[PDB]
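Here's my_file16.pdb, which has PDB, C-alpha atoms (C1' of nucleotides):
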```pdb
MODEL        1
ATOM      1  CA  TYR A   4    -126.611 -62.647  47.739
ATOM      2  CA  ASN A   5    -126.113 -63.319  44.036
ATOM      3  CA  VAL A   6    -127.737 -66.356  42.422
ATOM      4  CA  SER A   7    -124.697 -67.331  40.303
ATOM      5  CA  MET A   8    -126.421 -69.285  37.491
ATOM      6  CA  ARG A   9    -126.151 -72.917  38.605
ATOM      7  CA  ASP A  10    -128.945 -72.313  41.112
ATOM      8  CA  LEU A  11    -131.101 -71.012  38.256
ATOM      9  CA  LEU A  12    -130.444 -74.121  36.157
ATOM     10  CA  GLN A  13    -131.114 -76.458  39.085
ATOM     11  CA  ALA A  14    -134.371 -74.630  39.827
ATOM     12  CA  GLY A  15    -135.444 -74.676  36.182
ATOM     13  CA  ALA A  16    -135.723 -70.995  35.222
ATOM     14  CA  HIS A  17    -134.701 -71.766  31.639
ATOM     15  CA  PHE A  18    -137.959 -73.545  30.787
ATOM     16  CA  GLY A  19    -140.686 -71.383  29.263
ATOM     17  CA  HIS A  20    -144.070 -71.652  27.621
ATOM     18  CA  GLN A  21    -144.798 -73.186  24.231
ATOM     19  CA  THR A  22    -143.530 -71.435  21.111
ATOM     20  CA  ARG A  23    -147.073 -70.712  19.914
ATOM     21  CA  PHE A  24    -147.859 -68.649  23.039
ATOM     22  CA  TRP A  25    -144.708 -66.512  22.969
ATOM     23  CA  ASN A  26    -144.601 -62.715  23.075
ATOM     24  CA  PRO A  27    -142.431 -61.319  20.251
ATOM     25  CA  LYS A  28    -140.909 -58.746  22.626
ATOM     26  CA  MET A  29    -138.996 -61.556  24.379
ATOM     27  CA  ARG A  30    -137.167 -62.457  21.156
ATOM     28  CA  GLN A  31    -133.899 -61.014  22.473
ATOM     29  CA  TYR A  32    -134.072 -63.032  25.703
ATOM     30  CA  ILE A  33    -135.445 -66.334  24.364
ATOM     31  CA  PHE A  34    -132.205 -67.288  22.537
ATOM     32  CA  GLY A  35    -133.706 -70.544  21.262
ATOM     33  CA  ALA A  36    -136.065 -73.471  21.758
ATOM     34  CA  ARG A  37    -134.867 -76.989  22.574
ATOM     35  CA  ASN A  38    -138.342 -78.435  21.915
ATOM     36  CA  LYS A  39    -141.842 -77.099  21.117
ATOM     37  CA  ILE A  40    -141.362 -74.942  24.245
ATOM     38  CA  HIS A  41    -138.963 -72.016  24.522
ATOM     39  CA  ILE A  42    -135.761 -72.201  26.566
ATOM     40  CA  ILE A  43    -134.436 -68.850  27.777
ATOM     41  CA  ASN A  44    -130.701 -68.416  28.283
ATOM     42  CA  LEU A  45    -129.643 -67.657  31.851
ATOM     43  CA  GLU A  46    -126.742 -65.558  30.541
ATOM     44  CA  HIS A  47    -129.242 -62.703  30.288
ATOM     45  CA  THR A  48    -131.043 -63.742  33.478
ATOM     46  CA  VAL A  49    -128.145 -63.547  35.955
ATOM     47  CA  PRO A  50    -127.047 -59.916  35.295
ATOM     48  CA  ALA A  51    -130.579 -58.508  35.453
ATOM     49  CA  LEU A  52    -131.302 -60.550  38.584
ATOM     50  CA  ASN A  53    -128.126 -59.228  40.219
ATOM     51  CA  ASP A  54    -129.080 -55.668  39.246
ATOM     52  CA  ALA A  55    -132.543 -56.134  40.762
ATOM     53  CA  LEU A  56    -130.975 -57.475  43.960
ATOM     54  CA  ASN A  57    -128.641 -54.464  44.063
ATOM     55  CA  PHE A  58    -131.544 -52.043  43.605
ATOM     56  CA  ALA A  59    -133.540 -53.742  46.366
ATOM     57  CA  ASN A  60    -130.476 -53.697  48.629
ATOM     58  CA  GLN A  61    -129.998 -49.957  48.081
ATOM     59  CA  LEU A  62    -133.694 -49.295  48.729
ATOM     60  CA  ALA A  63    -133.598 -51.325  51.954
ATOM     61  CA  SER A  64    -130.472 -49.417  52.994
ATOM     62  CA  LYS A  65    -132.421 -46.190  52.475
ATOM     63  CA  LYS A  66    -135.262 -47.919  54.435
ATOM     64  CA  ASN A  67    -137.687 -47.402  51.550
ATOM     65  CA  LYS A  68    -140.237 -50.161  51.038
ATOM     66  CA  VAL A  69    -140.558 -52.856  48.368
ATOM     67  CA  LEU A  70    -144.002 -54.463  48.219
ATOM     68  CA  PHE A  71    -144.256 -58.161  47.336
ATOM     69  CA  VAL A  72    -146.859 -59.299  44.778
ATOM     70  CA  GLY A  73    -147.592 -62.940  44.018
ATOM     71  CA  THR A  74    -151.053 -64.371  43.357
ATOM     72  CA  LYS A  75    -150.436 -67.569  41.364
ATOM     73  CA  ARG A  76    -151.364 -70.784  43.153
ATOM     74  CA  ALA A  77    -147.750 -71.915  42.745
ATOM     75  CA  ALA A  78    -145.980 -68.918  44.315
ATOM     76  CA  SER A  79    -148.600 -67.873  46.889
ATOM     77  CA  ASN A  80    -146.998 -69.738  49.799
ATOM     78  CA  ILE A  81    -143.517 -68.794  48.580
ATOM     79  CA  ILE A  82    -144.259 -65.063  48.714
ATOM     80  CA  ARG A  83    -146.072 -65.729  52.010
ATOM     81  CA  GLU A  84    -143.015 -67.231  53.689
ATOM     82  CA  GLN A  85    -140.292 -65.116  52.097
ATOM     83  CA  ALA A  86    -142.053 -61.784  52.639
ATOM     84  CA  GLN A  87    -142.732 -62.781  56.246
ATOM     85  CA  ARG A  88    -139.028 -63.620  56.584
ATOM     86  CA  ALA A  89    -137.978 -60.280  55.062
ATOM     87  CA  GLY A  90    -140.537 -58.255  57.026
ATOM     88  CA  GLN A  91    -141.864 -56.588  53.875
ATOM     89  CA  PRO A  92    -145.635 -56.709  53.307
ATOM     90  CA  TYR A  93    -147.294 -58.398  50.431
ATOM     91  CA  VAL A  94    -150.349 -59.040  48.281
ATOM     92  CA  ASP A  95    -150.848 -62.792  48.599
ATOM     93  CA  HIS A  96    -154.452 -63.295  47.467
ATOM     94  CA  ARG A  97    -156.308 -61.671  44.552
ATOM     95  CA  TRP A  98    -155.069 -58.163  43.766
ATOM     96  CA  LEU A  99    -158.036 -55.979  44.658
ATOM     97  CA  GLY A 100    -158.651 -53.183  42.167
ATOM     98  CA  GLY A 101    -157.437 -49.710  43.022
ATOM     99  CA  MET A 102    -155.064 -50.592  45.872
ATOM    100  CA  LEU A 103    -152.575 -47.855  44.985
ATOM    101  CA  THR A 104    -154.681 -45.472  42.866
ATOM    102  CA  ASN A 105    -157.469 -45.406  45.493
ATOM    103  CA  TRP A 106    -155.396 -45.636  48.674
ATOM    104  CA  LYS A 107    -157.579 -43.034  50.419
ATOM    105  CA  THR A 108    -160.439 -45.536  50.642
ATOM    106  CA  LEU A 109    -158.253 -48.531  51.531
ATOM    107  CA  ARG A 110    -156.831 -46.593  54.468
ATOM    108  CA  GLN A 111    -160.319 -46.833  55.978
ATOM    109  CA  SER A 112    -160.413 -50.572  55.250
ATOM    110  CA  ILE A 113    -157.102 -50.982  57.070
ATOM    111  CA  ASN A 114    -158.680 -48.796  59.765
ATOM    112  CA  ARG A 115    -161.489 -50.947  61.075
ATOM    113  CA  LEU A 116    -159.454 -54.017  60.149
ATOM    114  CA  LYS A 117    -156.959 -52.934  62.815
ATOM    115  CA  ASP A 118    -159.781 -51.866  65.140
ATOM    116  CA  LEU A 119    -161.499 -55.258  64.924
ATOM    117  CA  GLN A 120    -158.173 -57.062  65.350
ATOM    118  CA  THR A 121    -157.614 -55.032  68.525
ATOM    119  CA  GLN A 122    -161.151 -55.919  69.624
ATOM    120  CA  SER A 123    -160.366 -59.604  69.042
ATOM    121  CA  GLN A 124    -157.262 -59.195  71.198
ATOM    122  CA  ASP A 125    -159.405 -57.441  73.817
ATOM    123  CA  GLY A 126    -162.330 -58.834  75.790
ATOM    124  CA  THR A 127    -164.917 -56.860  73.810
ATOM    125  CA  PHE A 128    -165.617 -59.807  71.499
ATOM    126  CA  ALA A 129    -166.124 -62.008  74.567
ATOM    127  CA  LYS A 130    -169.300 -60.204  75.643
ATOM    128  CA  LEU A 131    -171.595 -60.834  72.671
ATOM    129  CA  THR A 132    -173.300 -64.165  72.023
ATOM    130  CA  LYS A 133    -171.970 -66.995  69.884
ATOM    131  CA  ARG A 134    -173.889 -66.440  66.633
ATOM    132  CA  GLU A 135    -172.961 -62.772  66.251
ATOM    133  CA  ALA A 136    -169.416 -63.614  67.353
ATOM    134  CA  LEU A 137    -169.152 -66.236  64.610
ATOM    135  CA  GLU A 138    -170.534 -63.733  62.094
ATOM    136  CA  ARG A 139    -167.833 -61.209  62.990
ATOM    137  CA  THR A 140    -165.199 -63.962  62.907
ATOM    138  CA  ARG A 141    -166.198 -64.896  59.352
ATOM    139  CA  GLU A 142    -165.995 -61.195  58.519
ATOM    140  CA  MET A 143    -162.538 -61.221  60.124
ATOM    141  CA  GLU A 144    -161.131 -63.981  57.924
ATOM    142  CA  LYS A 145    -162.833 -62.432  54.880
ATOM    143  CA  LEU A 146    -161.208 -59.045  55.516
ATOM    144  CA  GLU A 147    -157.856 -60.468  56.632
ATOM    145  CA  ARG A 148    -157.258 -62.661  53.579
ATOM    146  CA  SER A 149    -157.850 -59.709  51.251
ATOM    147  CA  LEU A 150    -156.045 -57.027  53.282
ATOM    148  CA  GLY A 151    -153.589 -58.926  55.491
ATOM    149  CA  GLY A 152    -150.554 -57.449  53.768
ATOM    150  CA  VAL A 153    -151.602 -53.811  53.474
ATOM    151  CA  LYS A 154    -152.230 -53.112  57.176
ATOM    152  CA  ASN A 155    -148.542 -52.397  57.830
ATOM    153  CA  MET A 156    -148.314 -49.840  55.013
ATOM    154  CA  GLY A 157    -148.624 -46.227  56.105
ATOM    155  CA  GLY A 158    -148.139 -44.989  52.557
ATOM    156  CA  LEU A 159    -147.562 -46.003  48.975
ATOM    157  CA  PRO A 160    -144.691 -48.508  48.613
ATOM    158  CA  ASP A 161    -141.508 -47.142  47.087
ATOM    159  CA  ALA A 162    -141.148 -50.137  44.756
ATOM    160  CA  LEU A 163    -143.034 -53.241  43.657
ATOM    161  CA  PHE A 164    -141.945 -56.836  43.029
ATOM    162  CA  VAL A 165    -144.075 -59.025  40.766
ATOM    163  CA  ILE A 166    -144.200 -62.797  40.299
ATOM    164  CA  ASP A 167    -146.356 -62.741  37.142
ATOM    165  CA  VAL A 168    -146.746 -59.543  35.127
ATOM    166  CA  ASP A 169    -149.629 -60.863  33.012
ATOM    167  CA  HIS A 170    -151.458 -62.203  36.065
ATOM    168  CA  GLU A 171    -150.863 -58.949  37.983
ATOM    169  CA  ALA A 172    -151.291 -56.596  35.030
ATOM    170  CA  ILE A 173    -153.653 -54.410  37.080
ATOM    171  CA  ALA A 174    -150.913 -53.780  39.648
ATOM    172  CA  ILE A 175    -148.467 -52.969  36.841
ATOM    173  CA  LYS A 176    -150.945 -50.447  35.430
ATOM    174  CA  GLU A 177    -151.427 -48.832  38.850
ATOM    175  CA  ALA A 178    -147.663 -48.633  39.395
ATOM    176  CA  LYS A 179    -147.216 -47.050  35.963
ATOM    177  CA  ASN A 180    -149.991 -44.582  36.804
ATOM    178  CA  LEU A 181    -148.403 -43.461  40.079
ATOM    179  CA  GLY A 182    -144.746 -43.728  39.029
ATOM    180  CA  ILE A 183    -143.635 -46.521  41.380
ATOM    181  CA  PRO A 184    -140.796 -48.631  39.910
ATOM    182  CA  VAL A 185    -141.569 -52.304  39.303
ATOM    183  CA  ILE A 186    -139.233 -55.299  39.421
ATOM    184  CA  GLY A 187    -140.997 -58.385  38.119
ATOM    185  CA  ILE A 188    -140.024 -61.734  36.664
ATOM    186  CA  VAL A 189    -141.059 -61.831  33.005
ATOM    187  CA  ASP A 190    -141.656 -65.171  31.290
ATOM    188  CA  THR A 191    -141.635 -66.013  27.575
ATOM    189  CA  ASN A 192    -145.338 -65.255  27.007
ATOM    190  CA  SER A 193    -145.178 -61.981  28.958
ATOM    191  CA  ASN A 194    -145.116 -58.267  28.139
ATOM    192  CA  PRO A 195    -142.118 -56.404  29.615
ATOM    193  CA  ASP A 196    -143.243 -52.984  28.389
ATOM    194  CA  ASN A 197    -144.079 -51.376  31.749
ATOM    195  CA  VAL A 198    -141.477 -53.117  33.945
ATOM    196  CA  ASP A 199    -138.599 -50.868  35.007
ATOM    197  CA  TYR A 200    -136.293 -53.750  36.005
ATOM    198  CA  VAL A 201    -136.964 -56.683  33.676
ATOM    199  CA  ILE A 202    -135.592 -59.979  34.996
ATOM    200  CA  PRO A 203    -136.492 -62.729  32.495
ATOM    201  CA  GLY A 204    -137.162 -66.237  33.770
ATOM    202  CA  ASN A 205    -139.694 -68.920  34.556
ATOM    203  CA  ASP A 206    -142.583 -68.093  36.886
ATOM    204  CA  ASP A 207    -144.467 -71.411  36.973
ATOM    205  CA  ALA A 208    -141.658 -73.333  38.677
ATOM    206  CA  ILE A 209    -142.017 -73.476  42.454
ATOM    207  CA  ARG A 210    -138.234 -73.847  42.671
ATOM    208  CA  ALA A 211    -137.779 -70.728  40.536
ATOM    209  CA  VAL A 212    -140.170 -68.545  42.536
ATOM    210  CA  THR A 213    -138.625 -69.834  45.768
ATOM    211  CA  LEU A 214    -135.167 -68.882  44.496
ATOM    212  CA  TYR A 215    -136.276 -65.406  43.394
ATOM    213  CA  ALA A 216    -138.184 -64.589  46.580
ATOM    214  CA  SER A 217    -135.440 -65.965  48.839
ATOM    215  CA  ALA A 218    -132.743 -63.974  47.032
ATOM    216  CA  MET A 219    -134.732 -60.740  47.187
ATOM    217  CA  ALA A 220    -135.577 -61.277  50.862
ATOM    218  CA  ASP A 221    -131.883 -61.902  51.531
ATOM    219  CA  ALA A 222    -130.954 -58.641  49.804
ATOM    220  CA  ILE A 223    -133.616 -56.663  51.693
ATOM    221  CA  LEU A 224    -132.499 -58.095  55.038
ATOM    222  CA  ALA A 225    -128.824 -57.593  54.138
ATOM    223  CA  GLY A 226    -129.364 -53.892  53.512
ATOM    224  CA  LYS A 227    -128.667 -53.365  57.223
ATOM    225  CA  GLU A 228    -128.100 -49.592  57.278
TER     226      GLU A 228
ATOM    227  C1'   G B   1    -207.610 -47.763  43.421
ATOM    228  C1'   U B   2    -204.287 -50.767  40.288
ATOM    229  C1'   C B   3    -200.016 -53.590  38.495
ATOM    230  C1'   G B   4    -198.864 -56.047  43.606
ATOM    231  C1'   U B   5    -196.699 -57.815  48.808
ATOM    232  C1'   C B   6    -194.171 -57.401  42.232
ATOM    233  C1'   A B   7    -188.562 -57.323  43.756
ATOM    234  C1'   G B   8    -186.333 -54.139  42.674
ATOM    235  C1'   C B   9    -184.442 -48.678  43.029
ATOM    236  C1'   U B  10    -180.408 -45.528  44.093
ATOM    237  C1'   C B  11    -175.014 -43.169  46.032
ATOM    238  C1'   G B  12    -169.184 -42.226  46.957
ATOM    239  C1'   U B  13    -163.729 -42.785  45.387
ATOM    240  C1'   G B  14    -161.159 -45.069  41.728
ATOM    241  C1'   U B  15    -160.595 -47.172  36.422
ATOM    242  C1'   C B  16    -162.395 -47.274  30.829
ATOM    243  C1'   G B  17    -164.223 -43.842  26.785
ATOM    244  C1'   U B  18    -162.884 -37.452  22.676
ATOM    245  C1'   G B  19    -167.902 -37.803  24.400
ATOM    246  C1'   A B  20    -173.175 -38.807  26.125
ATOM    247  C1'   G B  21    -171.947 -42.725  29.469
ATOM    248  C1'   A B  22    -170.181 -47.578  31.571
ATOM    249  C1'   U B  23    -168.343 -50.685  35.892
ATOM    250  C1'   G B  24    -170.245 -51.983  40.415
ATOM    251  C1'   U B  25    -176.360 -54.887  40.547
ATOM    252  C1'   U B  26    -171.821 -59.381  36.775
ATOM    253  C1'   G B  27    -171.907 -65.836  36.909
ATOM    254  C1'   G B  28    -172.716 -70.946  40.150
ATOM    255  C1'   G B  29    -175.807 -72.745  44.336
ATOM    256  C1'   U B  30    -180.006 -71.548  47.777
ATOM    257  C1'   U B  31    -184.228 -68.649  49.628
ATOM    258  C1'   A B  32    -190.999 -65.713  50.412
ATOM    259  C1'   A B  33    -187.155 -62.199  49.219
ATOM    260  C1'   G B  34    -181.129 -57.980  45.589
ATOM    261  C1'   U B  35    -182.234 -63.856  51.674
ATOM    262  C1'   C B  36    -177.346 -65.665  52.184
ATOM    263  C1'   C B  37    -172.661 -68.043  50.477
ATOM    264  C1'   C B  38    -168.758 -68.925  46.578
ATOM    265  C1'   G B  39    -167.106 -66.300  41.655
ATOM    266  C1'   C B  40    -166.009 -61.493  39.868
ATOM    267  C1'   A B  41    -161.362 -53.372  37.993
ATOM    268  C1'   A B  42    -163.545 -52.732  41.193
ATOM    269  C1'   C B  43    -164.440 -51.790  46.825
ATOM    270  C1'   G B  44    -168.000 -50.117  49.835
ATOM    271  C1'   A B  45    -172.949 -47.990  51.337
ATOM    272  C1'   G B  46    -178.669 -46.311  51.689
ATOM    273  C1'   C B  47    -183.918 -47.353  50.721
ATOM    274  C1'   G B  48    -186.685 -51.662  49.569
ATOM    275  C1'   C B  49    -186.741 -57.626  52.110
ATOM    276  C1'   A B  50    -186.576 -59.324  57.305
ATOM    277  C1'   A B  51    -187.228 -57.496  62.402
ATOM    278  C1'   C B  52    -189.307 -53.776  65.786
ATOM    279  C1'   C B  53    -196.059 -53.239  66.638
ATOM    280  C1'   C B  54    -201.141 -56.223  67.638
ATOM    281  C1'   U B  55    -203.451 -61.151  68.407
ATOM    282  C1'   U B  56    -203.298 -66.723  69.338
ATOM    283  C1'   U B  57    -200.618 -71.418  71.532
ATOM    284  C1'   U B  58    -197.080 -73.360  76.888
ATOM    285  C1'   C B  59    -195.281 -71.680  81.679
ATOM    286  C1'   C B  60    -194.042 -67.893  85.836
ATOM    287  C1'   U B  61    -194.865 -63.299  89.073
ATOM    288  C1'   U B  62    -198.409 -59.553  90.905
ATOM    289  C1'   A B  63    -203.549 -58.791  91.743
ATOM    290  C1'   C B  64    -208.647 -61.936  94.610
ATOM    291  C1'   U B  65    -214.112 -58.507  93.026
ATOM    292  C1'   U B  66    -219.034 -57.721  90.691
ATOM    293  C1'   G B  67    -215.410 -63.152  88.822
ATOM    294  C1'   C B  68    -213.759 -68.783  90.915
ATOM    295  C1'   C B  69    -215.210 -73.287  94.543
ATOM    296  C1'   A B  70    -210.333 -77.924  95.494
ATOM    297  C1'   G B  71    -210.617 -78.777 101.078
ATOM    298  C1'   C B  72    -214.027 -77.656 105.924
ATOM    299  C1'   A B  73    -218.832 -76.526 107.882
ATOM    300  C1'   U B  74    -224.325 -75.182 107.282
ATOM    301  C1'   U B  75    -227.672 -76.200 103.832
ATOM    302  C1'   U B  76    -234.398 -74.066 101.854
ATOM    303  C1'   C B  77    -229.555 -78.771  97.823
ATOM    304  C1'   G B  78    -229.723 -73.045  94.552
ATOM    305  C1'   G B  79    -221.463 -70.685  95.712
ATOM    306  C1'   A B  80    -227.499 -70.305  98.529
ATOM    307  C1'   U B  81    -224.380 -69.167 103.546
TER     308        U B  81
ENDMDL
END
```

Could I get this structure in the form of structure tokens?
Amino acid sequence: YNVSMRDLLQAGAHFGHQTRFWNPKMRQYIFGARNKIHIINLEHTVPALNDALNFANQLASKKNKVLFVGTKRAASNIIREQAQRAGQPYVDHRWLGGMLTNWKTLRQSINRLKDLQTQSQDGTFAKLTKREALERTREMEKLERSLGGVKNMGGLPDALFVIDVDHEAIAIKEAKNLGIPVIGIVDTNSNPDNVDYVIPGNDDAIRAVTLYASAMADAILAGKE
RNA sequence: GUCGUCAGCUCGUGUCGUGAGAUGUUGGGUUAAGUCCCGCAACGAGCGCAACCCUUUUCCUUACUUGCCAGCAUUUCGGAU
């Protein structure tokens, strides 16, 4: 399930942000700048990506869970489709504060979320009139978009995967607080300090996020033990 | 009584701070209204608001006296009978 290197170049993982927005911690990985924007070498990208795939494969073999996290407008549908394909839940929309550090309250949220979904499946929602029914339906989309991923979880995920560390810094802080390992793609302008498995590459490119999510979903599915 | 029928006042778990504390109530529209919707390290609640109570406007059912008189009849022309 390795990504070779040529796939990374054809996707465009080497492109990064402008030199003026860089984070000095990525000096080792940047390797140079072709233009006023940084270009990261894939020679460092491929081994870390393969190691992340291996770790995810081992975790899936042990049947432990890897949560998906992508919120950017570019990678939202990518994490949508690939996490649905892999059967590993996700945080597609805005990362609500305290998901992991305040799980005791979110268990209740998942609770009447599931109860109202079961009511929608049942004929209970058929009895009441149209206005109140539409009110509860609006409540249903409102709750589902925020907590659609978390309903499957029965506990804290064993690992996290992150599309943008800066954009999902709150999730990184929560994972550091509770000790969950994090694998996230870290761009030029990003801080890799709290990421256990640092895979450096572009996160704006739809091709790049598609490649990353597809490869990780392939590894998770190919655990198969 | 008054501000004044003014629209605000409080609580839980998480985060931030050595700490007293803070967050949530924050911005853009709209409404009599913290009324509602989008935004938003916060998510959710409770009291306030609104509604439940009385009265008025249209119609239906029950009830036909001490109240009513469309049709019939008698009229002292007064539902008087």

Decode the PyMOL selection byres ((chain A and resi 160) around 10) for the given file into explicit residues and return them as a PyMOL selection string.
chain A and resi 67-71+92+103+153+156-159+161-163+178+183-184

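The two atoms in question, atom CA of residue 78 of chain A and atom CA of residue 210 of chain A, are spaced 9.3 Å apart.
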
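If only C-alpha atoms (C1' of nucleotides) are the atoms counted, then among B:43, B:66, B:81, B:14 the closest residue to residue 149 of chain A is B:43.
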
Distance-based interface of chain B with chain A, 10 Å, counting only C-alpha atoms (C1' of nucleotides), as a VMD selection string:
chain B and resid 13 to 15 41 to 44

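Reported to one decimal place, the separation of atom CA of residue 155 of chain A from atom CA of residue 200 of chain A is 25.1 Å.
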